[PDB]
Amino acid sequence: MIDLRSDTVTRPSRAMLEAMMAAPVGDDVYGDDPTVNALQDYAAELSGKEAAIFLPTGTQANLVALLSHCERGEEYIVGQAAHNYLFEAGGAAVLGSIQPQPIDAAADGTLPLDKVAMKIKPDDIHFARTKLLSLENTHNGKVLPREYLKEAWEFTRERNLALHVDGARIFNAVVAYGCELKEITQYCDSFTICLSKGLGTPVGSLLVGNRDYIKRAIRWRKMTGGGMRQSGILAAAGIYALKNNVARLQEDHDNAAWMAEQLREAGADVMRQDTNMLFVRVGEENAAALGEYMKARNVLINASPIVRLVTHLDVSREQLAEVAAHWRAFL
């Protein structure tokens, strides 16, 4: 089965599984789980921050992050297509009583600071209270330019705004930068790390920031239902992935780039390729038919007028070649 629906579909490797079953656990609510502590300590150190916490999903990681930054009546500026506004059911507004202020991102995935400044509300009773700027890196595969990350950092400091980045695929960005995570994370107050995607764990995300911030995050994680007990078995997979699965993300990027070439040669309208993602403009007429066509040959895609293809450790170039041939035959 060839699955290009997302990098979320990754399955645990055997070495990862062996690490999961061998790890010492405890009750994380009591803070007694040594493996969860180790993962959190390692993630904080690796990113140059004071503290971190384990969460079941990236969705809760952002929900807890927004709650920890923004009070009732406060507002976060965010991308119209950003996950913690668009793809989390409006949790920040619905559950958190937080005003979302979405704006269109630039082509490079960046939220233009000139547009952000126009959205910063004056201290007047008619407006919500602008408190947070939320970024996404990578955003649909796109690696935000390093120069912007600095500019956004200084800007938020000058405007007394917090800066959070959704780093569900921040390690995809890191190897695209060719730098250390530390050199990127310095330009944010808090950020997330998804472990259950490209890094290939079955479950888990990380929220990392300063000590007092994370302390509040522990309260909100509890209320939202993320306070697990012996979650060290999951954290074990996270530790393994951070130490073994970061560098090999380059393979996913090369594969996606390779796949874009093959579909371009096959006559498909490849819109763009970024890291481990590639977007093909299939016909609205052809969308449903392509999905069914691929499904019949045991290839799984999310059928859509614009199809997103996502590479990961559970899809090789040999498998990509098979899909590309099916796509070619389809056209």
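Residue numbers run from 1 along the displayed sequence.
**Q** Report the stretch with the higher mean CA temperature factor, choosing between 162-170 and 113-121 on the basis of the entry.
**A** Stretch with the greater average CA B-factor: 113-121.
**Q** If you average the Cα B factors in the entry, which is higher, 66-74 or 39-47?
**A** If you average the C-alpha B-factors of 39-47 and of 66-74, the larger mean comes out for 39-47.
**Q** Comparing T57 with the other modelled residues of its chain, is its CA B-factor in the lowest, middle or highest third?
**A** For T57, whose C-alpha B-factor we compare with every modelled residue in the chain, the answer is the middle third.
**Q** In terms of the CA temperature factor given in the entry, to which third of its chain does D108 belong: lowest, middle or highest?
**A** For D108, whose C-alpha B-factor we compare with every modelled residue in the chain, the answer is the middle third.
**Q** Per the entry's values, where does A241 land by CA temperature factor relative to the rest of its chain, in the lowest, middle or highest third?
**A** Answer is middle: the recorded C-alpha B-factor places it there.
**Q** Looking at the temperature factor on the CA atom of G227, which third of the chain's modelled residues does it land in?
**A** Lowest third, going by the recorded CA B-factors of the chain.
**Q** Can you tell me whether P145 has a C-alpha B-factor in the lowest, middle or highest third compared with the other modelled residues of the same chain?
**A** Its C-alpha B-factor belongs to the highest third of this chain's values.
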